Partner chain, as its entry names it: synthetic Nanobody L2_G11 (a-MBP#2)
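What follows is a single chain, given as structure tokens, in the form solved without its partner chain.
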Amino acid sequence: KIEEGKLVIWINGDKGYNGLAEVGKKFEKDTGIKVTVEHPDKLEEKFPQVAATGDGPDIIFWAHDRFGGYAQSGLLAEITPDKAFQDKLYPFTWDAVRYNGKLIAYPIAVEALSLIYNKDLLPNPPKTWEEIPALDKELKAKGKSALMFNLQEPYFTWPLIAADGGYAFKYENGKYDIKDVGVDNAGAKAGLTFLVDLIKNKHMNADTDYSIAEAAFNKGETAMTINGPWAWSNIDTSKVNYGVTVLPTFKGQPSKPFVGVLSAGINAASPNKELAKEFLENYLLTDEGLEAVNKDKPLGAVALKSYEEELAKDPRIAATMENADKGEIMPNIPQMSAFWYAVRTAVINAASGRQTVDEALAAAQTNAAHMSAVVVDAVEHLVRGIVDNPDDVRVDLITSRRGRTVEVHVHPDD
């Protein structure tokens, strides 16, 4: 069980072995309550099991994308901050810690993709996607390219696709309409078409993945890449002279990257919910607290307005927050399995010419809107089985059972 009259906190070692602990000591000095920071292996996988039995930590620190499942299982306590504390943090950050219109965590830090550029090759990076083709033709004459980033993962390609109207699941009044999918609207098609045209006119290659793009940028072969703050320290050691800025606009509208929010959740089984609220609101989420943590390991852009104004004096942190403000918060709902599955396939097919942009995104619309996570797992399981089979496996099947038609086709490529 969880012991009364103390605080046990779980956070990943990569957020700082000393920082949060120092805030803990300050809390203990004022209140006499002992704060203990632990870093157990796979704590994101451990917490849901331990907490389901009424054990585990009082507080858990993790990216908001796991907090949806925890909230669904009734493992997180509903938090009760007043409009005053809430005004101290950026309004959007609160959207990452709402589940069925209920606040279930405190937002700490904000993370998102920015345009990373090589200042020696390109002192003035382009404001628009539209002017990249021209820039690439010019750079190709010097044996360089304009832009390389991961085309294989939707996380990276979505910002362009979403610029003119694309969305995953409609977010309005603190609620996700899981039936309102925005994968095959005019805007989605316009964006993916521009991406495919970049590949057709050989400004980009559909094969380019994360590691290939990182190699290219860090060797000074490409003037720009699209990546997050996790990629900065590799560039630092590379001694490429880099800047981080706002993502290019498409059709006059900003690229909309998905936003991840490091959050602090209170265990529903914790007998110390009031101590947790006191610690998180009045010791951690202050200039003094976030400074203690940041001095240990930098948080990047933070939810707390007062301290973000300080950190944003680093223009790379300012870039991260601007791109996050203009982006969309990544849905923490089960249907994102279907979204990722659908869109990953759709962009690989559109980039390879296997499907037209229209065909690809129409299919992805259907999949994202109508495939449960278990259905995705079943379909993928079948696909793996067949694809990994060495024999000449071919299928041309159409079966209709119980008012439902299922087709399966397996054949070599053309």
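Numbering follows the first chain given and starts at 1.
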With B-factors read from the PDB entry, the higher C-alpha mean of 254-262 and 167-175 is in 167-175
Of 123-131 and 226-234, the stretch with the higher mean C-alpha B-factor in the deposited entry is 123-131
For 344, 295, 98, 189, the deposited C-alpha B-factor is largest at 295
Entry-reported C-alpha B-factor of residue 359 relative to its chain, by third, is lowest
Tertile call for residue 107 (CA temperature factor, within chain, third-based) is the lowest
Entry-reported C-alpha B-factor of residue 321 relative to its chain, by third, is lowest
Residue 157: C-alpha B-factor third of its chain, per the entry, is the lowest
In terms of its chain's C-alpha B-factors, the third that includes residue 184 is the lowest
